[PDB]
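This report refers to the structure that appears directly beneath it.
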4 protein chains.
Amino acid sequence: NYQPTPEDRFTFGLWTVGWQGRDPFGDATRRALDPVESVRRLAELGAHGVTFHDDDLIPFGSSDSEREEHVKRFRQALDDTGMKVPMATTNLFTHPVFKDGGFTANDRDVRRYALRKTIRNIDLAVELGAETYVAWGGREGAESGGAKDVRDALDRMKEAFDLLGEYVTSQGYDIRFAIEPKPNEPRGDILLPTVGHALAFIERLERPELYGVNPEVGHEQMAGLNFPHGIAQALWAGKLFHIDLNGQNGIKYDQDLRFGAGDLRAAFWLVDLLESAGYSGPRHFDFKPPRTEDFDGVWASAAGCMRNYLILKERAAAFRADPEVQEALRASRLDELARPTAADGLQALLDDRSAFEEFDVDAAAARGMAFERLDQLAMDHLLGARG
Amino acid sequence: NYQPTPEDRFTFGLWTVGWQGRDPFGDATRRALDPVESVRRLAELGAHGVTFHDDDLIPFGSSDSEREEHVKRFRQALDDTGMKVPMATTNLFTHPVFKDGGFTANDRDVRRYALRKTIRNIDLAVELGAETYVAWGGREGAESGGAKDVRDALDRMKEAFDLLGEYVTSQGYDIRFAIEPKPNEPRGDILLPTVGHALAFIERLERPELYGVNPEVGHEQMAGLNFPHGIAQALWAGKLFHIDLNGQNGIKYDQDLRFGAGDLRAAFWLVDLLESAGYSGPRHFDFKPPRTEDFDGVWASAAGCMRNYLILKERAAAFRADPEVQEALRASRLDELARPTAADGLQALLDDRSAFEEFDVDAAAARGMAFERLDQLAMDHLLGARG
Amino acid sequence: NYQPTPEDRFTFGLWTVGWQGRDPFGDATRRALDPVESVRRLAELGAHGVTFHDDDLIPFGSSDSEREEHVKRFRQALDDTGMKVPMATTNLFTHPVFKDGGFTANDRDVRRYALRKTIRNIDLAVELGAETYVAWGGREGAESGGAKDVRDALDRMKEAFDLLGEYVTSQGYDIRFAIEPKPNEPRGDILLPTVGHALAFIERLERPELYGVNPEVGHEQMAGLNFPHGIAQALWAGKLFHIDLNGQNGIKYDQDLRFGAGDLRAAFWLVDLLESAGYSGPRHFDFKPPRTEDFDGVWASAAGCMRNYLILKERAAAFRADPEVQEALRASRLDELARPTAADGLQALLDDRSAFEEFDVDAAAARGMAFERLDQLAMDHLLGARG
Amino acid sequence: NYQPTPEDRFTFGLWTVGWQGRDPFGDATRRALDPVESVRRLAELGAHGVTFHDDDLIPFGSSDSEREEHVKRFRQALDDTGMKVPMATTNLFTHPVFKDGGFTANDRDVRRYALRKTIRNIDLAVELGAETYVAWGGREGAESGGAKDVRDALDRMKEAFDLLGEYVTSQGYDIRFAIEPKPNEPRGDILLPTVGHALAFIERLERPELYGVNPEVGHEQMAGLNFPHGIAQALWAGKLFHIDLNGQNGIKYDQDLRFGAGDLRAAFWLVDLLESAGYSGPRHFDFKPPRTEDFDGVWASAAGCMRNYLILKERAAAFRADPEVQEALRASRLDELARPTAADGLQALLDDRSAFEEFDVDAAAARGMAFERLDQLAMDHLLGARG
Ligand SMILES: [Mg+2]
Ligand SMILES: [Mg+2]
Ligand SMILES: [Mg+2]
Ligand SMILES: [Mg+2]
Ligand SMILES: [Mn+2]
Ligand SMILES: [Mn+2]
Ligand SMILES: [Mn+2]
Ligand SMILES: [Mn+2]
């Protein structure tokens, strides 16, 4: 029951099941995994592919010979399993050199280094077949108001992304970029804090068509925002290139719980939206098995991630197909929301006495929207109290 | 000391000092104010101008006869005091007909009425000399996930704003639009919930140059966001058409405290940015004198808005003029942040061995950023523990 | 399926289904209900009883003759339906006289008036058979730091509750008090903001055994706190006299959604706790049908409140009875949490080399807690993906 | 200007200026500090004393031989500088053995070890002259609902603290305990999450007079609570045994900024309360110099903690001494709040017709509270826009 298959396109970062459990207040509770181990075990669970930071795969400061050895083992594991690498990213946050940022560090030499580190991993990503390159600017921001002129920092952020777009275009690489927003942590405030800010920023890049967003469930919820709404605006703008799935319990530190945990009803509405929009990208889990767990718990957590997606997919499909939900959607006038307000145009609207001079505002006010019946039908379907 | 003059461009909504004190749990504590008396009292306190919703000035339902008398009185009061009207807006949220929204109501006849109500007041705003027309879509949104398909709602929101742009251009009006974001309240989630979401949406309008943002301090802080950072991004994009100043204590109901209250250091950094950037628009206060106050308390709170801006302006100017602060900014490499990362171009960066192959990452990592010393100088200046 | 019966002890305030839809930004969307109407319609839906503020039932400023008439109609409705009145409360928040509080208003004459208004409604509550008297201090607090000396206000709050306890004891009334915490709204901060603060305060009253708490789901969640955890501490202290059930989407304005909405997994764990602890009080819904709804939506929302409790009760019972959940609870050592740490006493512990000198800290660290398997079993049961 | 002296009783944890900068996403940016060098550098800056976790002073695993050398060195450094040790505490959160808690671990052998580790350090704290022993149960809590039965966990927490009280009383030690609350991080939810929850729990201990709270500014603000109000309730209950001063920007990860940063007006009102109440305990800073800083930045940030306290103390004293402020407090009836509501007793209140039957509710409602004028005087004093 609810068995994932590679066709469900479930992917996992090496750093997810690989998280050793170090948090701001405690040491690691688990040994490091070999990336070859993670590839083989995820394949056995039904995953479609894996993702990585350069530093997950290639120890920082590896010689070129050592780099080749690390990639070759990972290679062979992918070939043996049929696992894909649909996305890759750069670690510009762990090493102390990035303590004030990568692309927006105040020091210019750090900013040049960050671009060279990124470009080097784009080459590797393309070699392994990645279609999407993710950027999470986790150190781009500030704790204090004077440390960062945000207009200058946005200039520097635009400069970095324009240069990366020039690089892939000149190389002829078939790869697109996705910006992963986060409002805060580890910096007091992070630049481009939400999906909305990242979408706005993309429109000022030199080749906007190369860039989209990689929203993460828990990050939008860390600002108290509605994640399905934000995904809808990304889809509306044609910019949902990738998605990070996990769980989060409201406004606090970034929990990265397994998908389904945290806000369960938001997860239901998210899956409803992704499936009915026909989103065809990877369903990527950016999550951390809690550090209370041993390795059996790590694999149980990863499996629960895909199981919960599949359960919610079934309930949302059953919800949309229910004849009673049907009628309720017509009763709440969802079909009328999808029709133009004024396809007759401005002059016709201005000359329409039914729209103002003769509009019965009190009769219109008295109409119930019947949203509560509709929502309890959705609740019933989520809980399996009807089919 | 710290006396406002109309050269300071402080403006106030009629609905601010006129708020009668009704909240979700209580009845009014103050009598309604005659719009003409508010104009005179604000002029006596040093204000530059006033703003209004249609329904603040003209009682809803007013005959075309009565409407004319109300405007004539108001225009006369303006002439007598001088007072400007730099901005106006539409009430699309109080009347029960708007309970599911104005521009994005599921019912099409409500959406057409909302547009007709807005266009009528655009004509009046232009007659009164308003340069900016604000839209706060307070009822656009949802309490439950199935009640609103957000892609269709954004289509309807775009349709509405495109029609408004066609109206003002066809009339030859020289007025611009400013979208006021808010994340929630009175709806469970409001569409376009932050500055970033509104900036992204503007780029998909037919004539984006006609539209900018009217951010409010307390609204971005209701999502835990850094209001000065969001202002900087609006300035960077060329879209800060107007601003709403008030105070808010973190993530809760929308408090609308007088400016200075709430988050005092964020207020300091906001004023630093506005004055440093040379923002020349109105300094508008969207605030509510607490309902504990009588009418003397109303005017004290309004005066406090302007006084707090003026104190912060002084401290931020002293901060930026301080030779010691200028040296601390250089020590933190803020001047290097204003440096192009790679004005030499992609190929030159790729060939620069000092940016990667020969970069001493450990020496760069050892550099302190000196941010804490800079921030304590900023604290000393704000508190007047130096000059 | 999932039909409520009076035996489920579901109760509703008159002000819940009676809410006319006025919010901080909009007028009422629904007409007032006659309390007789609400009693009869709730009985038909399967409710056990109703609750009321004095001002819900008796128009403020009613003469004693008018008061008698209003109670008699309500009376007869209760007799006709078999509906009980298990709890009553005082409105000390709506009238402008309470704008700085009731029990902790700065003005002493308001504080005396608030006590007299309260005592008068205790008499009526006892006459109608109420066992619990609730106090929600919604106006007790401040917007600014100097307006309220909190030590003096707590003295005044203790004084008020001590006098009420004296009154009921002298009268011989069989009634207990329950304090309903809320962190904020309509005041910027409210005194006794959480369950924990109210429990602490009760221990300083003259007769603590007379007082307990009435926690509300959405209020604890407005502080980002775990509601099941807070209920567990109230049960642990023997102080859970009453409970308010509803839904809330994280940290924002008080939504009062129907129970089940908001945080669905917290609702599951709350019902699990209440049922397995054998809580035998009323399951009271303090909720507001959204103002988008007509009266059909009002009754659908109220019905959904009880339906969702009954669904979650079934899933939590099935969860606890599942032999596989059994074994998983033993695997996570929940049974070991229930055993004393040191029933051998302090000296035996100090002399136990296995507890320190010879404790294998690394072997103990390596034990997985198996919490993720346990939690996915709970998820499966909630979603009906097993039985 | 604003120079600290040891008479100001500023203290610092070894782990504060010694924080190496490791966070969940990054490695250390600073080398470890020798405890002796921290003691000397803090003494040079004007500090009164230092505090420590067992594992800050003695490396975990140290032989009984090595342990003695470490304390001898530290004691000598204390003697040389003078420096006090007013408080000590146990690290029950870093080692992986504590991944499910110390006192409330599900595994009983871990709970016994946690107690033995604590008792060993209580002996050392007493040898060094500590008067307060702090417990922050950072790992007590849960990520998921089924992992912890909270009633059993509170039984185990009470058992632990009762054993500690029996130990110190049996030894004749003159040390008291202070529970440090935190709502979340590193656990999804932490038990006893706020000041109020901890105060309530203390009343159920065997010897409650031995236990109080050690509240931290940023921890109560992580739940959106008003830290000065929570301090007032602790003072009211006689339980403020110690305090942790730092800064926090609202509801997010625990920032531990230097005192003054974060919420500046809350800092002002806290200092006003502490000094007005005559709190004579340590002014302790639980802060982390941001990891952007080198060692010069570490000491600048530490100096900034003490400087900001001293500036606020000056402004709060000027505020309270101002005859104009004293008149504004009378105008807002703060002196009436200090009035018994009904010192004449229950019967007299019931017979007082002026308190109900003849109370003019409309006249009382018309009284303004003059809070905004009072609050602007407080703003002027904080900013030094008057003296
Ligand atoms: Mg992510
Ligand atoms: Mg506004
Ligand atoms: Mg309630
Ligand atoms: Mg602390
Ligand atoms: Mn995350
Ligand atoms: Mn607002
Ligand atoms: Mn509520
Ligand atoms: Mn902290």
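Read the numbers this way: they start at 1 and go in the same order the structure lists the ligands and their atoms. Throughout, a chain's letter reflects where its sequence line sits, starting with A, and its residues are numbered from 1.
Test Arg187(D), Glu140(D), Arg139(D) against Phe93(D) for side chain to side chain contact (heavy atoms under 4.5 Å, CB included) and you get one pass: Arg139(D).
Closest to the Mn ion (ligand 8) among the N, O or S atoms of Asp256(D) is OD1. Per residue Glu180(C), closest N, O or S atom to the Mg ion (ligand 3): atom name OE2.
The aromatic rings of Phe259(D) and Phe285(D) lie tilted to each other, with the angle between the two planes from 30° to 60°. Between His197(C) and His197(D), the ring planes lie perpendicular to each other; the angle is over 60°, past the 30° to 60° tilted range. Note on ring orientation: taking the six-membered ring where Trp is involved, the planes of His284(D) and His242(D) are tilted (angle from 30° to 60°).
Salt bridge annotation for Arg283(D)-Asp8(D): absent, with no cationic side-chain nitrogen under 4.0 angstrom from a carboxylate oxygen.
Residue contact annotation: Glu216(D) places an N/O/S atom under 2.8 Å from the Mg ion (ligand 4). For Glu216(D), the nearest N, O or S atom to the Mn ion (ligand 8) falls under 2.8 Å.
Seen from the Mn ion (ligand 8), atom NE2 of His219(D) and atom OD1 of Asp254(D) lie 90° apart in angle, a value rounded to 10°. Of the angles at the Mg ion (ligand 4), the one spanning OD2 of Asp286(D) and OD2 of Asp244(D) is 100° when given to 10°.
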